[PDB]
Amino acid sequence: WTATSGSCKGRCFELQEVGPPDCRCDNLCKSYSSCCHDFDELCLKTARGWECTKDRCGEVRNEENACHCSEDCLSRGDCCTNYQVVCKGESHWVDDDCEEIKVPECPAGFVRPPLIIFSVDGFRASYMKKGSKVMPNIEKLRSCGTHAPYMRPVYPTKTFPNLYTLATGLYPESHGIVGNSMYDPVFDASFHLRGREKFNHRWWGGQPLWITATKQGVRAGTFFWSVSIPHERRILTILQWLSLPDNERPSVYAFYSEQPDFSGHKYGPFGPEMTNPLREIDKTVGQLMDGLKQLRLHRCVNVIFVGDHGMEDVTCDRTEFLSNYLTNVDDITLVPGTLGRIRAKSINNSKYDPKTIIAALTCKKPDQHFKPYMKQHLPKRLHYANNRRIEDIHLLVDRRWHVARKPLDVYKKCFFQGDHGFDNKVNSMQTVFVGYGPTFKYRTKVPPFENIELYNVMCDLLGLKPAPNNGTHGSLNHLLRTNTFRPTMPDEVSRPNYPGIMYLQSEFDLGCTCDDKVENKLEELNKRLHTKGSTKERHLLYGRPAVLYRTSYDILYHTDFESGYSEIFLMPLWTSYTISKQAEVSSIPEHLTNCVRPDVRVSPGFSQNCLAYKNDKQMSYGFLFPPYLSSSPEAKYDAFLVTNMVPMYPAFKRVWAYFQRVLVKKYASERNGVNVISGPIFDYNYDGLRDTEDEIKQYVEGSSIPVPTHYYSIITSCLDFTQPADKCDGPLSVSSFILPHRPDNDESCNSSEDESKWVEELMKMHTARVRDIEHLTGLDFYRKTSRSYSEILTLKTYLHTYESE
Ligand SMILES: *[C@@H]1O[C@H](CO)[C@@H](O[C@@H]2O[C@H](CO)[C@@H](O[C@@H]3O[C@H](CO[C@H]4O[C@H](CO)[C@@H](O)[C@H](O[C@H]5O[C@H](CO)[C@@H](O)[C@H](O)[C@@H]5O[C@H]5O[C@H](CO)[C@@H](O)[C@H](O)[C@@H]5O)[C@@H]4O)[C@@H](O)[C@H](O[C@H]4O[C@H](CO)[C@@H](O)[C@H](O)[C@@H]4O[C@H]4O[C@H](CO)[C@@H](O)[C@H](O)[C@@H]4O)[C@@H]3O)[C@H](O)[C@H]2NC(C)=O)[C@H](O)[C@H]1NC(C)=O
Ligand SMILES: O=C(Nc1ccccc1)c1cc(S(=O)(=O)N2CCCCC2)c(Cl)cc1Cl
Ligand SMILES: [Ca+2]
Ligand SMILES: [Cl-]
Ligand code: NA
Ligand code: NA
Ligand SMILES: [Zn+2]
């Protein structure tokens, strides 16, 4: 109950929120049924519209008008945004040449440049080029400030997950807003866009920018606007707040637009009806910038123009129906649309079984436009699993498509021509970023980056210390003129051992055999130097990775590769090798097919054994440095060392063998040499973080050899590909992957065919950032390069997406 009989007199859009049953005058009251009786009248004035005209110039202040053109309006801070243009012969901000803002030019009393976040829903990245003729204010921000060709949203590419990621720097799985619709089984509550439950604080995790600012003594405007408050009024309110006294004035502000998303749903991303909503957004930007110029703040404020997601063409006839796959369709709840989430309709039903649901949804139709997943098998790059609100069964829906439970659901809900929510690597889902202001660079283009990074930068822009988040702080330093954050490399926690020859062959009883007792004074001194790290500068190009947790491990040197061998997990954490453009692929000789050799540098007790693999009917083994790429028949023996061996399902060996036999060499030809670092990942609790040994759920039968959940590789070369990977003078180029270690290839519908028809497609799907691999392994790569650390941070956040332009 609200006693809505108090007044909003002088309280319009108050920044602090009052405790009911006192009525509220903040820009949230509408949504709570709690506005004072006189809110509309006093706070939502509209008399005479939004623009000064010639005859209103110097008028007598009439307090009923929406905005003012009277003489005193500037010092009252409530002029219409075009006042100076109409009544003082000023020019519009968009008609002025841009001039570098080298330093903040702020009125006295400003202790820091304010930050204004202008967020636009559904603003697809290509609108910047395609709509450029009708968006002159946005185009001026873009060309004069710092801009990216696009900004990658988070998955799912829905509105609240992304806005809250912008505000917190967190993956939806960590902040908790994992969709536009959700069920929390601990609360036993649901969350929908309509309604009031979305306002309960228990849904919203992490620490959003407005709370970060408040806790550190920076005042914030609101980050939420009631849908009925028109855009002109939101601008005028921000401009009014900017005129408060030094002690009351916020330092950070947010504007939000429902457009062009609202229209994109009805008409499609490029429907002819879309030109007008782009015109109108641009006009709103014009009003803000003219408003800032009037207050002499247009060379003082940092402005971020940022989208939450793009928009794709989607119609009702492109709907796949679960009723065409399942007979039990009434025992399930589907969260539908551009992604699928499935749970049991009732937890009393113990005859509900996720395994048979997945099987009934897997490769059932020739052109199937979705793919089912246990959430833990989703591409690690999506970071979409570690939250009780994310259902165990997920469907990744193809771009342009919908999934629904039954046809009745679609026609008893064609309405729409556009939607979003798809995989965040999809081009149509990309959105925009422009930074304009004293703290951003002048006329600078930066490479595409992910919206998880912005929270750190907004904290930098405001002199705040960011709460712990998923950005990599310093990876966006190149956007900024000043205020950069000077990060330091994390300290190595465990130093390695460097074992020499310490064990006789006959101390090993591992059940391993090798045809290798076939017999020099030149070439024994040679092989000794190789084992001491003579070729290490060839194969370890950027230094050895640092181990950032407490563990016991050995560096092992070889002619063709170097490894960091874990005595705890009985395999390498990392293996590093360089393959030059000239290198040749050979095969495994027949006498060596099943050869595994003891490593006399490493004790029996810290080794794998062949017998476990023999006894384990499901589990076979592969090698991290591939025998196929050995530099010589004699160096090939090193590849069969028990310390280069890792556990692999036969189904996964098809993938691995193709990557190692065909793809590595392909990349080295295309890229002019590559450096490769490969290894195992253990993420049994799917939190995106390295497992400790007591978290391992599966071992090679009858042994202590833990089974990886994934295998990674990091493939580095010279960005200037006229220089070979091993002799590169400037910036690097990287692509990486985290392949799921699965006992079947059910994920690849074409897997019964030749690996050349499906393997590379699978790897592309599981593309990753080096930074994803660092979280999963506790390692830190690129420790010794000739590049600045900020540049390396940017490289570590890079994702190779395999989309076209
Ligand atoms: C992306 O960045 C983020 C932020 O840096 C990373 O997430 C962090 O990961 C940390 C490591 O896992 C984690 O630290 C844990 O914190 C526990 C305290 O949790 C509270 O405090 C934090 C900080 O204020 C707060 O944010 C938390 O809020 C979570 O929970 C509520 C819901 O309950 C949500 O509203 C909120 O959104 C958030 O949810 C998310 O996090 C939790 C995990 O905390 C997930 O379960 C959710 O699904 C969701 O993703 C909390 O209010 C603390 O208790 C933990 O400590 C246990 O484990 C350690 C190991 O060191 C042990 O030593 C401790 O003693 C303790 O163990 C005891 O409890 C165990 C579990 O009950 C038990 O098994 C043992 O036997 C012991 O008795 C731990 O320190 C931190 O909370 C999150 N922060 C956030 C915001 O998510 C994330 O990893 C990054 N992602 C990637 C890929 O890099
Ligand atoms: O992050 C948000 N806005 C946003 C706007 C621009 C740029 C980035 C983010 C956001 C804030 C609110 S809230 O402030 O009202 N709130 C949050 C926590 C307590 C419950 C009610 C709500 Cl309900 C929804 C969103 Cl999406
Ligand atoms: Ca883990
Ligand atoms: Cl959703
Ligand atoms: Na086996
Ligand atoms: Na298959
Ligand atoms: Zn939308």
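- The deposited coordinates derive from X-ray crystallography, with the record listing a resolution of 2.0100 Å.

- As recorded by the PDB entry, the protein carries the name Isoform 2 of Ectonucleotide pyrophosphatase/phosphodiesterase family member 2 and is attributed to Rattus norvegicus.
- UniProt, in the comment section headed Subcellular location, describes the protein in these words: "Secreted".
- According to the UniProt record, the Sequence similarities comment for the protein is "Belongs to the nucleotide pyrophosphatase/phosphodiesterase family."

**Quick word on the overall build of the protein**
No. 1: Along the protein, the regular secondary structure elements total 22 helices and 29 strands.
No. 2: Computed over the C-alpha atoms, the radius of gyration of the protein is 30 Å, within 12% of the 28 Å expected from 2.2 N^0.38 for a compact globule of 805 residues.
No. 3: For the protein, the C-alpha atoms occupy an extent of roughly 105 × 60 × 45 Å along the three principal directions.

**Regarding the site of ligand 1**
No. 1: Close to ligand 1 lie 14 residues; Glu173, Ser174, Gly205, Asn386 and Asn470 are nearest.
No. 2: The separation between an oxygen atom of ligand 1 and a polar main-chain atom of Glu173 is 2.8 Å.
No. 3: The contact in question runs from an oxygen atom of ligand 1 to an N or O atom on the side chain of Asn470, over 2.3 Å.
No. 4: Relative to its unbound accessible surface of 1,500 Å², ligand 1 loses 34% to contact with the protein.
No. 5: Broken down by element, the shell around ligand 1 gets its largest block of residues, three residues, from helix α7 (residues 172-175).
No. 6: Tallied by class, the residues present in the shell around ligand 1 amount to three nonpolar, eight polar and three charged.

**Some words on the side chain of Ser736**
No. 1: With respect to the secondary-structure elements, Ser736 resides in strand β27 (residues 732-740).
No. 2: Other than its neighbours up to four places away in sequence, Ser736 contacts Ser713, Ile714, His766, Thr767, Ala768, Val770 and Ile773.

**Observations concerning the UniProt feature "binding site: Zn(2+) 2" in the protein**
No. 1: Taken from the UniProt record, the annotation "binding site: Zn(2+) 2" applies to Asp261, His265 and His420.
No. 2: In this structure, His265 sits in helix α10 (residues 261-267).
No. 3: According to the relative accessible area criterion, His265 is partly exposed, its value standing at 23%.
No. 4: If we ignore the near neighbours within four places in the chain, the residues touching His265 are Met311, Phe416, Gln417, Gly418, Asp419 and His420.
No. 5: Position of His420 relative to the elements: it lies in the loop between β15 (418-419) and β16 (433-436).
No. 6: Assessed through its relative accessible area of 3%, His420 is described here as buried.
No. 7: Setting aside chain neighbours within four positions, we find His420 in contact with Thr157, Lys158, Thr159, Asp261, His265, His309, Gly310, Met311, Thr338 and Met429.
No. 8: In terms of polar contacts, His420 uses its side chain to reach the side chain of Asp261, at 3.0 Å.

How each quantity is defined
- Residues numbered from 1 in each chain as written, not as in the entry; some residues may be left out.
- Chains lettered and ligands numbered in written order.
- Heavy atoms only, no water.
- Residues with missing side-chain atoms left out of burial classes, pairs and counts.
- UniProt positions renumbered as here; feature names shortened; annotations may be inferred.
- Helix = DSSP H or I, 4+ residues; strand = E, 2+ residues; numbered from the N terminus.
- Rg over C-alpha atoms; globule rule 2.2 N^0.38 Å.
- Near = heavy atom within 4 Å.
- Polar contact = N/O pair within 3.5 Å; in protein donor to acceptor, adjacent residues only side chain to side chain.
- Areas by Shrake-Rupley, 256 points an atom, 1.4 Å probe, with all protein chains shown as cover.
- Nonpolar A, V, L, I, M, F, W, Y, C, P; charged D, E, K, R; others polar.
- Contact = heavy atoms within 4.5 Å.
- Buried < 20%, exposed > 50% of the residue type's maximum accessible area, 1.4 Å probe, protein only.

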